[PDB]
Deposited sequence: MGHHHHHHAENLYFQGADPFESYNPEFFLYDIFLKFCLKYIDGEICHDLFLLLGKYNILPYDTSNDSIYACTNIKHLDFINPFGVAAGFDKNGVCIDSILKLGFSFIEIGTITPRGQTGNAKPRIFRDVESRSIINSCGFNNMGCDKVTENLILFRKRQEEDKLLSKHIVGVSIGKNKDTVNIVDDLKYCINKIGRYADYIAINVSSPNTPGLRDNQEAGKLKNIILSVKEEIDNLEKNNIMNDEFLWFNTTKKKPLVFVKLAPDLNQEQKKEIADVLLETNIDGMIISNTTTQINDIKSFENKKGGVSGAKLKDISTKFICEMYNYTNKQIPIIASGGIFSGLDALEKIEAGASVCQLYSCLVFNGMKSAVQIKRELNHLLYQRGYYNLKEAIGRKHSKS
């Protein structure tokens, strides 16, 4: 498709002259007017994957934080992705921290951000998602595409369980899966990663979803089933904390763990020396991949893993898969590679699996 080529003409210009968050706003604006390219290709049946009975037509989606409000789901999915995680959303809208709060380092292909859960609130985002689902009833390019919702707490909230229960009762019907975000470094959130607190949070979320069904058509999503429950983990933990959390995740029978969110322990990027927030991009890959391996070993391979962190090429994706991941999420790749992220990474992964001696992608999950 020549449209990806035409777009890459402006990528370096964007990185050099346009503020990052403004670049992101431009991205969403172009997609709102249905001007982004379309991935016209066909996905390899040998590259599909799944988490429980949630089936992904390909192993690549957009991570949370990119379309925080679901204003652009169709166009982002039609770039070539199989799923998108909208959010993180909160019961009421928040403006976030003061701008600029996103900083890029092109040399290291890394980003640091302190957004602060800026979003339009659960009500407006629920409206946007209902409209998308109506369009999806007709759009054949969007058939079988998955939409997940990441939910969080408002800054000035003490009871996280309240905020998450409001969101579930509002938008749960419309989501294929729900991602619990207790790993953002820019809001008392990583405190909720304490084993006991986390176990209560998870079991509460999973009860509010089950309660949606007890009160009797219902599931207005892609799967026609109740949404699965994922947990997004921060990588800034010691082995003891990782073992305890893995026990909690197994005890609550969550459906998947997203490894991982941004990290605050990177300090070989001189450009970010004076900045605060979580770091993402190529500098997070090795940290993120190792974290997958640990949790893959700690949970006895019983919890599917959604990989997130420094995935730019099919080789990185295969690293994640061969570490224990079943599906991959992109974010920084879209920042530094433009619209072609999905098409290019699908092409490369397909070639890799065909050459490395794999009948299909699911055969590569695990394999150390």
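Stretches of the deposited sequence left without coordinates are 1-23, 211, 241-245, 398-401, in sequence order.
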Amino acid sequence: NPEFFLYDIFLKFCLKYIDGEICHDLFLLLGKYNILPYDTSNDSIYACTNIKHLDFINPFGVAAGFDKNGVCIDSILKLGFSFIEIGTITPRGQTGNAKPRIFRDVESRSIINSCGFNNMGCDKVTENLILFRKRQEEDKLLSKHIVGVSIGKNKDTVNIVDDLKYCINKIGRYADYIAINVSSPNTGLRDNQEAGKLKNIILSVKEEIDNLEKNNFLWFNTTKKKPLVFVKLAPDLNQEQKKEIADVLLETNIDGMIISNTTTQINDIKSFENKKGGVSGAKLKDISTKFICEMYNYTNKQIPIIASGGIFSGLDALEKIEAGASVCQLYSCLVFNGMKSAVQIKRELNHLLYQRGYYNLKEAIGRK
From here on, numbers count along this sequence of modelled residues.
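By rigid core we mean the largest C-alpha set that fits within 1.5 Å across both forms.
In a rigid core superposition of the other structures in 8 other deposited structures of this protein, 322-330 and 36-44 differ in how far their CA atoms stray, and the farther one is 36-44. Stretch 137-145 is the one, of 137-145 and 219-227, whose CA positions lie farther from the shown form in 8 other deposited structures of this protein once all structures are superposed by the rigid core.
Checked against the record, the higher mean CA B factor of 227-235 and 290-298 lies with 290-298.
Look at the mean CA B-factor for 201-209 and for 83-91 in the entry; the higher one is 201-209. The PDB entry gives the largest Cα B-factor of the residues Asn58, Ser41, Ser308, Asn69 to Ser41.
Which of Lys99, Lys155, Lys170, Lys144 has the largest Cα B-factor in the deposited entry comes down to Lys155.
In the PDB entry, a CA B factor belonging to the highest third of its chain's modelled residues is recorded for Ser313. Per the deposited record, the Cα B-factor of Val335 falls in the lowest third when ranked against the other modelled residues of its chain.
In the deposited entry, the Cα temperature factor of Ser108 sits in the middle third of values across the chain's modelled residues.
Ranked by C-alpha B-factor against the other modelled residues of its chain, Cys23 falls in the lowest third. Ranked by Cα temperature factor within the chain, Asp247 sits in the highest third according to the deposited record.
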